[PDB]
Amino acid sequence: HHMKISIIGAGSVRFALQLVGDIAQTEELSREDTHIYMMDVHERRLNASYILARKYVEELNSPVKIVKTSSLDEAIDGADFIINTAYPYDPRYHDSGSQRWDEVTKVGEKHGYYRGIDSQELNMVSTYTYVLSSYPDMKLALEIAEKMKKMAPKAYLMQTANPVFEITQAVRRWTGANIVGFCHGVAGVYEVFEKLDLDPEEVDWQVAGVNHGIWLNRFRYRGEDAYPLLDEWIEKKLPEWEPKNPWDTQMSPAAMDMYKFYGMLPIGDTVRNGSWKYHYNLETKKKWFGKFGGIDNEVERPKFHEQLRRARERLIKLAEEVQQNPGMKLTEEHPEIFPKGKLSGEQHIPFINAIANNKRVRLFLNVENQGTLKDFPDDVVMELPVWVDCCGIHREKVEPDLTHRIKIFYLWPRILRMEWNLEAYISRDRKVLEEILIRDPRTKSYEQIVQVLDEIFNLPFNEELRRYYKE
């Protein structure tokens, strides 16, 4: 047979471009019998990705076949791998998923919720959830899961869209579907090693926890705990640390503070998901994250979404250029965006090449605990270090165990917040949403949460959201 890899939401041009780049440069997958289905509902973006992708593989000399489609059934039918990177929205009001999150966040601030209703303790990550329930995004992943159990029973559903923890769990639990959560927050660990003058391949390390809630449980050098090297860095170097850009938080005072308390270093976006201690306002964010106040604020987030929008428009306009200039080479003209002989460092293609062609590799994926961390249920989805080959996912033993304080102060509260979000969705009940905000540290009255929720629900692009929560 051939191999079908469907990318749902392929209008995310850059992420799709790095996926297509990775498969086209992977010797075992770069075959005539590899078919990439790019599927999306917004056609301007779709057509751009498609012509760019085709131009790109042409220049890598990859015989991979690329098929654009407009219908999700045709993309799912008989697929071997389904990558969901879709960010749903209503084209009558918006032109991008992030616009809707940006707007409910303004309504949330209007009613006294700084950084919006979706900014909660232990998840400050922007655009992670959408009105707690994430209805638009969860609805789509469950639609995909119902369609694929009929037309693609042997496929792996690779969840990339947020919230990955909530969605992966819901699909896993409510459908049978073979879903796996992907996220690459694990990469920040390489910055820790460099800042401590450590050859990365000479470090024995491990992380574990929950999506955007992972901890460096094992950090060793020469068979000895290397955490004293971090304690020394905190003494000497931290006083003069400074971020390169609003995303640079791994070695921040907020991270070191969380390290002091929990006993292990929080990795990647975990650092963004601290307690309210670091997030009361912009001035407080700047004390703990440096001059930008990190990425999750009034100034840097709208700035970032504006850059992202600006970039879509460009890639569309670039697609009109390759149409207009058949002869120009994308590898030469924009090598940043079309790398030759390098890999994205994303885990998606390594995963596919492992399962399809037995190229065994260590990955960090969101899968059911299944008794890897004993103090938590077997069915709860977690970000774990796993080995992947043609027999599927195999979990590494997690050693040392995560500290008591991580379990009771971080992980368990975060698991419950997920259980809260899933109950809100499944029950179709406003009361659950109200109860979530009743426990929000910035709720002043009950009247307040009723009025925020009302206003959010009455935004024109949430018409079907409020019809979902209608008595």
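Just so we're on the same page, rigid core means the largest C-alpha set that superposes within 1.5 Å between forms. Residue numbers run from 1 along the displayed sequence.
Of the two segments 87 to 95 and 111 to 119, the one whose CA positions lie farther from the displayed form in 6 other deposited structures of this protein, once all are superposed on the rigid core, is 87 to 95. Across the two stretches, 179 to 187 and 284 to 292, the PDB entry reports the greater mean Cα temperature factor for 179 to 187. The deposited model assigns a higher average Cα B-factor to 377 to 385 than to the other stretch when 351 to 359 and 377 to 385 are compared. Of all the options 221, 364, 215, 81, the entry's greatest CA B-factor is assigned to 221.
As recorded in the PDB entry, 97 shows the highest C-alpha B-factor of the residues 163, 112, 209, 97. Among the modelled residues of its chain, residue 449 has a C-alpha B-factor that falls in the middle third, as given in the PDB entry. Annotation for residue 251: CA B-factor lies in the middle third of the chain's modelled residues. Ranked within its chain, residue 9 lands in the middle third, by CA B factor from the PDB record. When the modelled residues of the chain are ordered by their C-alpha B factor, residue 154 lands in the highest third. Per the deposited record, the Cα B-factor of residue 308 falls in the highest third when ranked against the other modelled residues of its chain.
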